[PDB]
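Reading through the structure tokens given below for one structure.
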Amino acid sequence: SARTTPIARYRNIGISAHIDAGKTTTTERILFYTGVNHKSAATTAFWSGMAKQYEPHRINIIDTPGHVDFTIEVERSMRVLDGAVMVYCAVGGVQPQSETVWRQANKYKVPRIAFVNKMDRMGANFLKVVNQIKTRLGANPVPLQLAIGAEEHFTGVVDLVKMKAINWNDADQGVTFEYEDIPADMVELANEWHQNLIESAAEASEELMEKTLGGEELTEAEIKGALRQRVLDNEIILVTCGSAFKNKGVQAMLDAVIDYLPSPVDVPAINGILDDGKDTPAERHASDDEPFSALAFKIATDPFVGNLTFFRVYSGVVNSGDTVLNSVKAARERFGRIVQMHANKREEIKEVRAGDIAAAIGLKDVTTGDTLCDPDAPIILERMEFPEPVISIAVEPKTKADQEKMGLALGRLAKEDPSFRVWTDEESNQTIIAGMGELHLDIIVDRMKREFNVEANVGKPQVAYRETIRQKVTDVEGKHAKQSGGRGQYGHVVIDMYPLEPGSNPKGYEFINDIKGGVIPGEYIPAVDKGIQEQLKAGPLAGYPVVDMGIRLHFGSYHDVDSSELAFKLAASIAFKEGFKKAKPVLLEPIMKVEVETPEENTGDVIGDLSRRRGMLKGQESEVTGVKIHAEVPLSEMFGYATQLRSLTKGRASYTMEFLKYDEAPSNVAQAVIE
Amino acid sequence: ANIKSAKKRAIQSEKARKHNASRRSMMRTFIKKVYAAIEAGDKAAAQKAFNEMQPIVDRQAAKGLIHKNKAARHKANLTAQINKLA
Amino acid sequence: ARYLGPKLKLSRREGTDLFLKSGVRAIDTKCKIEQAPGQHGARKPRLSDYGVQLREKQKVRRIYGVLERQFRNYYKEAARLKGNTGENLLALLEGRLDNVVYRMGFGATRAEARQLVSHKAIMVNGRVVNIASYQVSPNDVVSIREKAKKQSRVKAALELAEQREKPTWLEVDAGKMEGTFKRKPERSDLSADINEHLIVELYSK
RNA sequence: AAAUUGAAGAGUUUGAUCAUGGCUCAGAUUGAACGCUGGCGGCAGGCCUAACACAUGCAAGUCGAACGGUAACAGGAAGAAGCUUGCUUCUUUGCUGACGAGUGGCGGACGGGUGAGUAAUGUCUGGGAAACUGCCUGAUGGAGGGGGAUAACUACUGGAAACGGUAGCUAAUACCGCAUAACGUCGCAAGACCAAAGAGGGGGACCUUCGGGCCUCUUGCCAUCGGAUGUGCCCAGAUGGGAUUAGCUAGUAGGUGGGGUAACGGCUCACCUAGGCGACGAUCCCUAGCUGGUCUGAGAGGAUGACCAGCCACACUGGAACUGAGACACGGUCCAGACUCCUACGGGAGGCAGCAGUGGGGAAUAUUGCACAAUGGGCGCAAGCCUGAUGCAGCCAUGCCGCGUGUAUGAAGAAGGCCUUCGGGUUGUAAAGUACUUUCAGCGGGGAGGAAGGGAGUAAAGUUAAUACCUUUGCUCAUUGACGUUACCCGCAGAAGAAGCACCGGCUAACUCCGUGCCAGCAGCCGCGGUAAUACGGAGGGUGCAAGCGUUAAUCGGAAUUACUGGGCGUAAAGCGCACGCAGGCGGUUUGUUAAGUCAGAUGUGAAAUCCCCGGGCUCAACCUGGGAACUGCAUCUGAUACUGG
Ligand SMILES: C=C1NC(=O)[C@@H](CC)NC(=O)CNC(=O)[C@H](Cc2c[nH]c3cccc(OC)c23)NC(=O)[C@H](Cc2c[nH]c3ccccc23)NC(=O)c2csc(n2)[C@@H](C)NC(=O)CN(C)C1=O
Ligand SMILES: Nc1nc2c(ncn2[C@@H]2O[C@H](COP(=O)(O)OP(=O)(O)O)[C@@H](O)[C@H]2O)c(=O)[nH]1
Ligand SMILES: [Mg+2]
Ligand SMILES: [Mg+2]
Ligand SMILES: [Mg+2]
Ligand SMILES: [Mg+2]
Ligand SMILES: [Mg+2]
Ligand SMILES: [Mg+2]
Ligand SMILES: [Mg+2]
Ligand SMILES: [Mg+2]
Ligand SMILES: [Mg+2]
Ligand SMILES: [Mg+2]
Ligand SMILES: [Mg+2]
Ligand SMILES: [Mg+2]
Ligand SMILES: [Mg+2]
Ligand SMILES: [Mg+2]
Ligand SMILES: [Mg+2]
Ligand SMILES: [Mg+2]
Ligand SMILES: [Mg+2]
Ligand SMILES: [Mg+2]
Ligand SMILES: [Mg+2]
Ligand SMILES: [Mg+2]
Ligand SMILES: [Mg+2]
Ligand SMILES: [Mg+2]
Ligand SMILES: [Mg+2]
Ligand SMILES: [Mg+2]
Ligand SMILES: [Mg+2]
């Protein structure tokens, strides 16, 4: 049927801020505002604005998790939502997490607007935060409004462009939006800010600069249009202020979103490969006629409504009963009870118009990061990069019985969050898990004991070792004899053992048939090799797969009737035993190269920690945005390093790990493993 | 009660239950009068008690409290005991 | 639900002409009959009792263009009918429209018969049918559509009808391209190279 | 005339043979699941597991022609007219259509779901006596005259809500007396006693209490005797396994008497007697809904009880009664219990094994759809309302069925692949090319049948008093379809949108090369692989089936391998160590009698569907359907007396 949707009018916004910055608090107020106006969960709401002049815009609000461990969650909302409203604490100012979250959005070119909050908290200055933002984020922020008063004195804010010191009533959060004169003491500051805003608006449009040059007092509406043009172009970081607790400033940022933050139509259209075989860039426009395309995200569950799947409609208009092919899975599934959420309650909808976000009940094949395209498999959508895990800890089911539940539970968790990943250790069969952050692993285990009722203790991952000989041991003698009633089997062997340089042999083992002459009939050469190979895997010193061992057979004896392949195989094992003992082997740990990026001011902290973990550095890279360091920190020593690293770098660093080479273990470490 | 007619039938059943209980005890007490006279052994008292209750059981049987077979059998074996007395 | 692969591999496997080709040319010139298909078609290994029964069954199925499920239903129908199972089975296979259209000669082979019948170009008693395996009752009239009257392939098959031996129980009028089903054959008109006895004990294992 | 015209074997013990004996295979089938693949349509089927927990929406309402009444809409009108070229009659009334809530009647005990319990208190088969039965039906008669109350409503008041409480008023086909009293009940008779309701349509004369009475039509009520239908009760036979379950029973078995039930009955109580069941299996334990049927089998039989139909039992668990013609009641009540929810923390609410759906479990089973158009049901005089029954649609190759994926021509046989005794063979008329065709899919248009009936008008007949109203039969007209963009038909364009799976050592249809080298692996059985592997992996070639093909699970068959049909025991498994002997099984020979077994005839049953035969209709087929046969089993009656029994 008819879309019945005021296209362009509706907006998609995302709230992002540092931990404990008030994001959830202001979002709660936002919903209250829109609800009374009519009369990362998706929350749609028709917002008409503070003065309500604007025709009720269907604003969609999707808050983001400030915590670093949940970067992916913020990332998902960021791409899905064309506009983002950053939140910055007044007292704290820009903080590490806020800086971090800003750059991913810059990568996606998503237009952004920021709202300073917690002005009521004593010891805060909006202008200081503005200065902090421009220095930290390197983006000029024109102050949309100028906060009047501070801490207890704080009573409201004066719009810079409109020049009205709006004073909201104390009786209710948003009943009165009365516009008043700028306070006398603040007008002087307001004056300079107004001129500054006028010049900035003018350059963005360029045409406006011409009128500004002539000195014409530019009409407020024209400059406002220019402001939105730059917002779509993604340069000026518009900033407004208010106190969510004081019920002031939240409504202001909402209106700014409507008249500046771009609409889905405004944002550039998405692209991808029409067919899997060729790149075929199509750049499907945001048109209902264009075949329906959407991306699934944040799959969830409800015990009485079933699975909940969030999809972003970019183009087309899916209808109930329409099969929809999931490009990544190459299979199509039918949409049943499509349902959107109005925050306060859930309302059923037969179909979803383009530009809106809802939920598809009972979509089994729909999972996170799924391109829900049309059955004809039109252009697939680009796939959102996923960051690798930084901290890995081994989780063990409390009881053998729990194992079954444990495995199934973790599997479902991976579906909601791609970054969370679990795998079983090849040796010792340990369920090693890895997560984006320490707190993330913490939350995972917590919900596991609650939702899935599975308690599992967490312990450090055990490490496997190689164990190899040090000094060449030659002329080792091994003789096998089974001379007993019935059938005796005799097979003597003499070999040599020499350590192999790691680079010399990728395999790490060799068997040159040096045997001068037919000292061995030749039928037993494979058998001798097989015996050593079994022993090679089974470490005599401490049960580990021996590597970098070079042995060549040269002498051997056999009994005419008792010559047997098995005899030589066992005899070979015997020779291995004595040779290994006299060569006094040394266990090898998985020394791995590690690359760490960090801010320049914290270079010393990083170097100390790397050194402390018995890791010898090999290089320093003075990259513009911080120094890049490299070291071969022992894997066994490196556990929990991610969390430790953050504290020393104010949570502004990261590291990529790549195994390098198995090296000799220090006496203390080696003995510990032996015992 | 989830059905509107179910609620109505509940109310009417309680009212009819109360009305029927009163009538049934009112009849049943007259059968007790004649039985007590029987063991007292006065035939004249028994006949007086019996012809007080005799219209009552028939009236109740006709109106729908009991079955006319039940009314008949009550009055039938009552006269049998009266005639055995005298 | 049909056969689309090479036609004369079938004729090769049972080693006899199966009439799959139109017959405008000699089957020997078109293909080497005495060899079996494939790289081992030089060798003629000793075929067992089960083998000869299976070859007989597959020979009948490939003459008439009928698959195994269809053919098994015909056998059960043949066994249910009073009489003798062997010629009852053959009698059903004759009453199919493909055979009757082909045998009356409006189609050069069963495949033209299949197109003609399945492309709504065959009427029975004036009623359009497009089912290949529709049984033909005695005293039924099968005629070409007026639209299909002006096609080259139908008239081309009429000459090949004369080129081969005419069926006695089908009366044709090529002047108006029609035919009549007087009654079913009695197994004395049909070719004796088909040993129907083997069919019964194949399906009655 | 036709109604089972029906039975197959093979591999493997040995150096070889015969036998015995197990294991395995070739078939059919499924509520199937998984793997690979997938064009269409028809019909059917689709939580087998957790009788596990349930969000949400719906699944039983209807009657104004029973009654009070007017909350709501429209109509109607007193009147300053809310008002002015009176557009409008905004204060009023049940006056009218109609109707929220209420009283009352009927329905809710049907329809739908599930198989937990239940080894017989159920089911099947055949009988029986001591019963009831709303609605529907036949008949015979009544239907007279009064009384009090209570909702709703009004006022007050409590509570968050659920929902009440106090007082006052008002009806009825609501409730209660009195009259009536017979072919009714009690009694043996004499006698005694028992009921009811009005409402609606229409109208001539008359009388007005100017409300009406009155007249007739319809319908409803009461009594009694029937019919039908439904249900309650009784008996005999049959309907699993275990003796490594041998004794069980005290209202227990029976009698008298009282009570109780619609009805017989230890159904219940008091007393009396000491009985009752059990080796033909009582009692106890495990399992299980039963049947027509379904699968298989030549048959006997074995397994089985999903869909469809009959019966039974349950409705969160346990128990109970009430109302009622019918319930100890799925969407009623009360109590207790487990669990969950709402709350203002005072208390309240709930029961998807209805339909759809969610979670959970699972190898595994679907839409929070459309319409009451058809059939059926409830209410109503009807119109109509309600109907998650049902009719349809959606999803799923889950089965069966049909079709298509093209059709001819086409050579030294192109290219490429493969084998090669390098000569050639093979893929292979297969491809390309030539000509042809357009089924199904797509696009456009046209267009059956499921539709019967109901409504308004009119004519005729009944009918009365009658022209009236009402009914019966036609006649005229305007309409009633969810499916539905229906099946179907026509037009269009072009080979264009459409083939995969398994196997190739033998059993068993179908063979070579390369890799590999007792490794990797394969394998239903035998077994294969340690340098020519037709058995592994790949590739060419072939074979089988085909929108499917394989694997796994499960049933029967083959298995005469529990042998009733239809097996064995000297040595292959198997004769008790021997004997006596109760129960039981069997029994020489003649006559008479009986007629229990046995046999013959007849009668009544053996539901329909299914299976089978002869037909009929979807274009064929599956599918649907008429008749028949069959269900030879049970029971009764009559008869025969050779054999068995008495
Ligand atoms: C080379 C090996 N192969 C792997 O590690 C396989 C196993 C799936 N994963 C990977 O290569 C890839 N990373 C993974 O998938 C996950 C997740 C991850 C993806 N990128 C990351 C970057 C940073 C941190 C990360 O994690 C937060 C990741 N992160 C682990 O697994 C960690 C770290 C690690 C060990 N190696 C690596 C090689 C590259 C990158 C990371 C590692 N693991 C232990 O902390 C640990 C301690 S003791 C132990 N593991 C036992 C199991 N034995 C050994 O490590 C011996 N050894 C040499 C190996 O196992
Ligand atoms: N004084 C003051 N406190 C605030 C304001 N906004 C938020 N807060 C406080 O910040 C704390 C965290 O708020 P929250 O929305 O949950 O931030 P989040 O953890 O990142 O999601 C809350 O306890 C609020 O009381 C404000 O405008 N003024
Ligand atoms: Mg939050
Ligand atoms: Mg802080
Ligand atoms: Mg088929
Ligand atoms: Mg079930
Ligand atoms: Mg059961
Ligand atoms: Mg009454
Ligand atoms: Mg009276
Ligand atoms: Mg009266
Ligand atoms: Mg007694
Ligand atoms: Mg059971
Ligand atoms: Mg048999
Ligand atoms: Mg009662
Ligand atoms: Mg009920
Ligand atoms: Mg229910
Ligand atoms: Mg259900
Ligand atoms: Mg599951
Ligand atoms: Mg309803
Ligand atoms: Mg048998
Ligand atoms: Mg034997
Ligand atoms: Mg022996
Ligand atoms: Mg023996
Ligand atoms: Mg002996
Ligand atoms: Mg004798
Ligand atoms: Mg007899
Ligand atoms: Mg029958």
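Reconstructed Cβ throughout: ideal geometry from the backbone, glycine too, with neighbour counts over all protein chains shown. No value in this document is a laboratory result; all are computed from the given coordinates.
Hydrodynamic radius of the protein assembly as shown by the Kirkwood approach over all distinct alpha-carbon pairs: 39.8 Å.
Over the residues of chain A, the helix contribution to mean residue ellipticity at 222 nm works out to -9000 deg cm²/dmol, using -39500 (n - 2.57) for each DSSP H run of at least 4. Computed over the Cα atoms of the stretch C:94-181, the ratio of the radius of gyration to the Kirkwood radius (Rg/Rh) comes to 0.90. For the stretch C:1-99, the spread of Cα positions along the three principal axes, ordered from largest to smallest, is 44, 35, 23 Å. Cα centroids of the stretch C:1-67 and the stretch A:201-216: how far apart, whole angstrom? Using only Cα atoms to place each centre, the spacing works out to 90 Å.
Compared with the alpha-carbon gap, the fully stretched path from A:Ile512 to A:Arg334 is longer by 57.7 nm at 0.36 nm per residue.
Normalised by residue number, the volume inside the convex hull of the Cα atoms of the stretch A:1-141 is 134 Å³ per residue.
Using the Cβ-Cβ distance between A:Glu235 and A:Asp376 with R0 set to 41 Å, the FRET efficiency from 1/(1 + (r/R0)^6) comes to roughly 0.60.
Principal axis analysis of the Cα atoms in the stretch A:222-357 yields extents of 48, 43, 22 Å, listed in decreasing size.
Express the C-alpha Rg of the stretch A:60-192 as a ratio against the empirical globular expectation 2.2 N^0.38 Å, rounded to two decimals.
The stretch A:60-192 yields a ratio of 1.16.
Per the Kirkwood formula applied to alpha carbons, the stretch A:552-616 shows a radius of gyration over Rh ratio, Rg over Rh, of 1.45.
Each residue of the stretch B:2-86 gets 88 Å³ once the volume of the Cα convex hull is shared out per residue.
One way to sum up the overall shape of the stretch A:122-281 is the equivalent ellipsoid from its Cα gyration tensor, whose semi-axes run 33, 21, 15 Å, largest first. DSSP finds beta bridges in the protein assembly as shown, and of those with both partners inside it, around 80 percent are antiparallel. Computed over chain C, the alpha-carbon pair-distance distribution with 10 angstrom bins reads 8, 33, 36, 19, 4, 0, each value a whole percent. For B:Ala37, the shell of other residues with beta-carbons less than 13 Å away shows a net charge of +1, using +1 for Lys and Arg and -1 for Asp and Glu. For the stretch A:418-559, the equivalent ellipsoid built from the Cα gyration tensor has semi-axes of 48, 19, 12 Å, listed from largest to smallest.
From the Kirkwood radius over Cα pairs of the stretch A:397-498, Stokes-Einstein at 10 °C and 1.306 mPa s returns a whole-number translational diffusion coefficient of 87 µm²/s.
Each residue, A:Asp20 and B:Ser25, gets one label point 7 Å from its Cα in the Cβ direction; the gap between the two is 7.4 nm.
Other residues whose C-beta falls under 9 angstrom from the C-beta of A:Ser327 contribute a net charge of -1, scoring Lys and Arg +1 and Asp and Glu -1. Based on DSSP H segments of at least four residues, each scored -39500 (n - 2.57), chain C has a per-residue ellipticity at 222 nm of -12500 deg cm²/dmol. Label separation (A:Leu617 vs C:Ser188): 11.2 nm, computed from points 7 Å beyond Cα along the C-beta direction. For the stretch A:337-434, pairs of C-alpha atoms spaced more than 21 angstrom apart make up 55 percent of the total. Each Cα pair under 8 Å and six or more residues apart adds its separation to the average, and for chain C the resulting relative contact order is 20 percent.
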